[PDB]
Each structure stands twice: as structure tokens, then as C-alpha cells.
Amino acid sequence: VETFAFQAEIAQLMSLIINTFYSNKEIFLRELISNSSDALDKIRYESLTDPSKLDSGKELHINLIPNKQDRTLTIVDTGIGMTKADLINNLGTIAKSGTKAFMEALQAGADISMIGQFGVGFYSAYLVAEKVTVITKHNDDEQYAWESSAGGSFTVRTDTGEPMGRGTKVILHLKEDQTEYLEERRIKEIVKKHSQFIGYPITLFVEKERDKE
Ligand SMILES: Nc1ncnc2c1ncn2[C@@H]1O[C@H](COP(=O)(O)OP(=O)(O)NP(=O)(O)O)[C@@H](O)[C@H]1O
Ligand SMILES: [Mg+2]
């Protein structure tokens, strides 16, 4: 297991999100679905000139999986996935130009929904999750797990769980006061409100239901 420090302003932002009350938390799901959609676009365009890039799975889609027993909401996609280097670089160690401006905007009363416009959309996960685990598989790298409960660092390790062919799974270990995001109707209404124009199928597990479509 390897441990990495978040870039200082990203650590500051995470602390702010965790320790300051914001309403409109539901936008975390929009932000994670947008990341899945971007990752799906990436592999889709790569496959146009190299169809073998889909040998690890031709289906391009997003699954939403609430688990009441474990108190987790998982967002799974069959997108491009992240290499080990991608995880380390893109999910915490590299500065984002908009972080300080976003924190200033929040102090001045901006809605937390603006997070994506400032280039730090992923960190919305910490509005509702005490811990986030990201399991990811990119072509020509092994499967990896990134994890953080905030507090300034994250870990990366090779994953020995169930193999994914290709893509990313973001596992949200929800705070005890945010279990509404495990409910079928709640998830449906947030997807309808915020993610209605995503151009890939989105499936909800309750047994299994295509949204919606
Ligand atoms: N599901 C995923 N699949 C592949 N890469 C991902 C996924 N989620 C996040 N990433 C990577 O993590 C980076 C940071 O995500 P994020 O903080 O959401 O910023 P962003 O998507 O680049 N810009 P924005 O969300 O519009 O503020 C992305 O740019 C990707 O490189
Ligand atoms: Mg994003």
C-alpha cells in the first residue's frame, strides 16, 4: 500500500466540504455520472481507430448500485479507466487552478453545485461519503484501488477484488445521515433532474432497471 498527500488546496477544499454545512448535496451524483460519461467518451473515441481497445468489454454504460446493508452507493462505468499514474496524478496530488477560487466562491455564498465548473467535481463525493474507494482498470495496466477518508492523504494499492474488464467503480461509504441516497426513488429523481442528457445507458439496481428509458 502506498500513501500520498493531497495537494494542499485540495486537502483544504476537502476539509471545507466535510466540516461546513452545504445544502444541495445531491449534485455529487451528477458529478460522478459526468465523470463516467467523460470516461466513456474517451474509450469510445479511442476505439474508433483501434477496435481492440474494446476487447475488455464492448458495452459502454453506467450502473448505479445502492447497498443498504453496507451503506454504500456505487457508481460503475465501463469507461477508459485509470492507470496507477492516472489515479495518483488526477485524484489528488496535482494542483487544480480553480480550487482557491472555488473556496472563495463558497465563502461568498455560492451554491456547492458550482463545484464542477471550478474543475474539482469529484470532491463533491465527500458531501455525502465518509470514505470513498475508487476501483479502476485501464487497458495495459493492472486493477487498482484508490481510497481516502480525507484528513489529508489517500492510498493506492493493487486491487485483488473481483476483476473488472475495464472502467471505474466509485464506492461511496455514506455518512449515517445521508442514507437517503440508497433509496430507489431518491436516486431516480436526482438522475432525472441533473443527468437527463447523459448519452450512455444508466441502470439502477433494485433488481435491475434501465433509466428511463
Ligand atoms: N469514472 C472515471 N473514469 C476515469 N477517470 C476519472 C473518473 N472519475 C474521475 N476521473 C479522473 O479524475 C479527474 C478529476 O475528476 P473531477 O474532479 O471530476 O474533474 P474533471 O472531471 O476533470 N472536471 P469537472 O468535473 O468538470 O470539474 C478527471 O479529469 C479524470 O481524469
Ligand atoms: Mg468531473
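Counting begins at 1 with the first residue of the sequence.
- The side-chain heavy atoms of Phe102 and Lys96, taken from C-beta on, include no pair separated by under 4.5 Å.
- For the pair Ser15 (side chain) and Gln12 (backbone), a donor-acceptor distance under 3.5 Å is absent.
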Exercise for review: Apply the test side-chain contact (heavy atoms from CB on, under 4.5 Å) to residues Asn139 and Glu46: give CA-CA distance (whole Å), side-chain angles for both, the deciding distance (0.1 Å), then the verdict.
Suggested key: CA-CA 11 Å; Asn139 289 334; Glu46 287 196 356; 5.8 Å; no

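- In terms of modelled atom types and a separation under 3.5 Å, the side chain of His173 and the main chain of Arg71 share no donor-acceptor contact.
- Counting non-hydrogen atoms of other residues, nucleotides and ligands closer than 6.0 Å to CD of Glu162 gives a total of 12 or fewer.
- For the pair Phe122/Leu91, a side-chain contact is recorded, criterion being any heavy-atom separation below 4.5 Å from C-beta on.
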Practice item. Output, in order, the C-alpha distance, side-chain angles, deciding distance and verdict of side-chain contact (heavy atoms from CB on, under 4.5 Å) for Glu26 and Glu180. Key: CA-CA 10 Å; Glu26 66 187 47; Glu180 64 197 71; over 6 Å; no

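- For the atom pair CZ (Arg166) and CG (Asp55), the distance works out to 9.5 Å, reported to the nearest 0.5 Å.
- The pair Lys68-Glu183 meets the salt-bridge criterion, with a side-chain N (NZ, NE, NH1 or NH2) lying under 4.0 Å from an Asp/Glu carboxylate O.
- In this structure, the side chains of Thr74 and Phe205 stay at 4.5 Å or more apart for every pair of heavy atoms.
- Salt bridge annotation for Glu189-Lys193: absent, with no cationic side-chain nitrogen under 4.0 angstrom from a carboxylate oxygen.
- Atoms CD1 and CZ, from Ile80 and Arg44 in turn, are 12.0 Å apart once rounded to the nearest 0.5 Å.
- Taking OG1 of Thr203 as the start and CG of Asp211 as the end, the distance is 7.0 Å to the nearest 0.5 Å.
- The heavy-atom pair separating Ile43 from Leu54 by the smallest distance is CG1-CD2, 3.9 Å.
- In this structure the side chain of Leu182 reaches within 4.5 angstrom of the side chain of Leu73, judged on heavy atoms.
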**Study point:** Step-by-step side-chain contact (heavy atoms from CB on, under 4.5 Å) determination, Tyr123 to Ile18
**Key:** CA-CA 10 Å; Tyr123 300 98; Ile18 287 166; over 6 Å; no

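- For the pair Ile112/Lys25, no side-chain contact is recorded, criterion being any heavy-atom separation below 4.5 Å from C-beta on.
- In the displayed structure, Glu176 atom CD is contacted under 6.0 Å by at most 12 heavy atoms of other residues, nucleotides or ligands.
- Between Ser148 and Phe6, the shortest heavy-atom contact is OG-CE1, 3.4 Å.
- A distance of 11.5 Å separates OG of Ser36 from CD of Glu31, quoted to the nearest 0.5 Å.
- Between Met164 and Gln143, some side-chain heavy-atom pair lies under the 4.5 Å cut-off.
- Contact record, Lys188 with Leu204: CG-CD2, 3.9 Å, taken as the closest heavy-atom pair.
- Between the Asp41 side chain and the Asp38 main chain, no donor and acceptor come within less than 3.5 Å of each other.
- Side-chain atoms of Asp77 do not come within 3.5 Å of backbone N or O of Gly167 as any donor-acceptor pair.
- Here the side chain of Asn24 pairs no donor or acceptor atom with the backbone of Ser113 at under 3.5 angstrom.
- Distance check: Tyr200 OH to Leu60 CG gives 6.0 Å after rounding to the nearest 0.5 Å.
- Residues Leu172 and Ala129 approach most closely at CB-CB, 4.0 Å, considering heavy atoms.
- Note on ring orientation: taking the six-membered ring where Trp is involved, the planes of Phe154 and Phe4 are parallel (angle under 30°, cut-offs 30° and 60°).
- Here the straight-line distance linking atom CG of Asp141 with atom OG1 of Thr136 works out to 9.5 Å at 0.5 Å rounding.
- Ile135 and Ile75 fall into different hydrophobic clusters, defined by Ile, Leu, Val, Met, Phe, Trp and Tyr side-chain heavy atoms under 4.5 Å apart, directly or through other members.
- Criterion: ILVMFWY side-chain heavy atoms under 4.5 Å apart, direct or through other members. Under it, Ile65 and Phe28 are not part of a common hydrophobic cluster.
- The hydrophobic clustering, which links ILVMFWY residues whose side-chain heavy atoms are closer than 4.5 Å, places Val76 and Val170 apart.
- In this structure, the side chain of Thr72 does not engage the main chain of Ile171 through any donor-acceptor pair within 3.5 Å.
- Put simply, the side chain of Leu64 reaches to within 4.5 Å of the side chain of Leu29, judged on heavy atoms.
- A donor-acceptor contact shorter than 3.5 Å is absent between the side chain of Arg157 and the backbone of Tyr144.
- Remark: the backbone N or O of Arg30 is paired with a side-chain donor or acceptor of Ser34 at under 3.5 angstrom.
- Across all non-hydrogen atoms, the minimal contact from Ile27 to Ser124 is CD1-CB, 4.1 Å.
- Nearest heavy-atom pair across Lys137 and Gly165 is CG-O, 3.4 Å.
- Contact of the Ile88 side chain with the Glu2 side chain is not registered, since no non-hydrogen atoms from C-beta on lie closer than 4.5 Å.
- Judged purely by atom type and a 3.5 angstrom limit, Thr78 uses its side chain to pair as donor or acceptor with the backbone of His61.
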